[PDB]
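Below: the structure, in C-alpha cells.
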There are 2 protein chains.
Amino acid sequence: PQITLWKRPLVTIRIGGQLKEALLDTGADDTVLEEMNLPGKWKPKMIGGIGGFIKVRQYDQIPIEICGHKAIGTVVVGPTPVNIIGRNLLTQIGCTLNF
Amino acid sequence: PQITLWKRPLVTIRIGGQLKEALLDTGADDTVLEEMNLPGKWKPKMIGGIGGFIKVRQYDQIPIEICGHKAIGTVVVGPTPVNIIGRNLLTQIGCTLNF
Ligand SMILES: CC(C)CN(C[C@@H](O)[C@H](Cc1ccccc1)NC(=O)O[C@H]1CO[C@H]2OCC[C@H]21)S(=O)(=O)c1ccc(N)cc1
C-alpha cells in the first residue's frame, strides 16, 4: 500500500490478543508500545526524545502483525502516549519513504 | 528518491544558506530543529514528545529545501535530540510511506 502523510500514519497491529493502533514511524529506531503486561523475560532500558527519557521494558523476538504483514523482533514497553512501529520492524514489512 | 529504513533516514536540508542534516520523521506532526537563529517574528509555543513537553520558538512560512525538494512552512526551534522533518513539510515534498 501507499500511506500519505496528510494525517498520522496510524495502522492496525496485532500483538497477541491485542489489536492496537500504531504509528508507522521512520523517526524511531526501535518499536515502542504502550504499557501492556507481556509474558516472558525482559531487560530494563531508557529511551529518549523530545521532552527527555522514559523507562521501558525490552522484550526480544516478539511476533507482531502490522497491516497483515508478519514481523518478529524487539519491542520496548512503557508509558509512551502512542504505539510506535520503529525501523527495526518497518524494514521487515518492506516499508520505504518515497518522494 | 526511494529511501529504505535499515539506516536512519537522514538527509541534507538547506535553510538560510546553511546546510544541516535532518531526520525524515513520519511520527512527527511538526518540524523541530535544534537551537539556531532564524530571521523574522516568532511565537513562543510548547510541544510534547515521548519524554514530556518542551518550549519552542515557532517560525511560520520558512523555506527549507529538503533533499532537493522545496517546502515553505512552519518550523519550531527548541531542545530536540536531532533535527526532525515532520509531516507538515513531508507532505509538501510529496513524501509517502510504501510497503
Ligand atoms: C524525536 C525522534 C528522533 C524520536 N521519536 C520518534 C518521533 O517520531 C516521535 C513519536 C511520537 C509521537 C507522538 C508522541 C510522542 C512521540 N515524534 C515526535 O516527538 O514528534 C513531535 C514533533 O511533532 C509532534 O507530533 C507528534 C509529537 C510531536 S521518539 O518517539 O522520541 C522515539 C525515541 C526512541 C525510540 N527508540 C523510539 C521513538
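One-based numbering, in listed order, for ligands and for the atoms of each. Here is how names work: the chains are called A, B, and so on, in the same order as the sequence lines, proteins then strands, and each is numbered from 1.
In this structure, A:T96 contributes its side chain and B:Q2 its backbone to no donor-acceptor pair below 3.5 Å. Side-chain atoms of A:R87 come within 3.5 Å of backbone atoms of B:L5 as a donor-acceptor pair (strictly under, hydrogens ignored). Put simply, the side chain of A:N88 never gets that close to the backbone of A:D30: no donor and acceptor are under 3.5 Å apart.
Annotation: side chain of B:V77 is in contact with side chain of B:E35 (closest heavy-atom distance under 4.5 Å). A:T80 places none of its side-chain heavy atoms less than 4.5 Å from the side chain of A:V56.
Note on ring orientation: taking the six-membered ring where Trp is involved, the planes of A:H69 and B:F99 are perpendicular (angle over 60°, cut-offs 30° and 60°).
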For a distance cut-off of 3.5 Å, show me each N or O of ligand 1 paired with any protein N or O, plus the separation.
unit_1	atom_1	unit_2	atom_2	d
ligand 1	8 (O)	A:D25	OD1	3.0
ligand 1	8 (O)	A:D25	OD2	2.6
ligand 1	8 (O)	B:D25	OD1	2.5
ligand 1	8 (O)	B:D25	OD2	3.3
ligand 1	17 (N)	B:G27	O	3.2
ligand 1	23 (O)	B:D29	N	3.1
ligand 1	23 (O)	B:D30	N	3.1
ligand 1	25 (O)	B:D29	N	2.9
ligand 1	25 (O)	B:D29	OD2	3.3

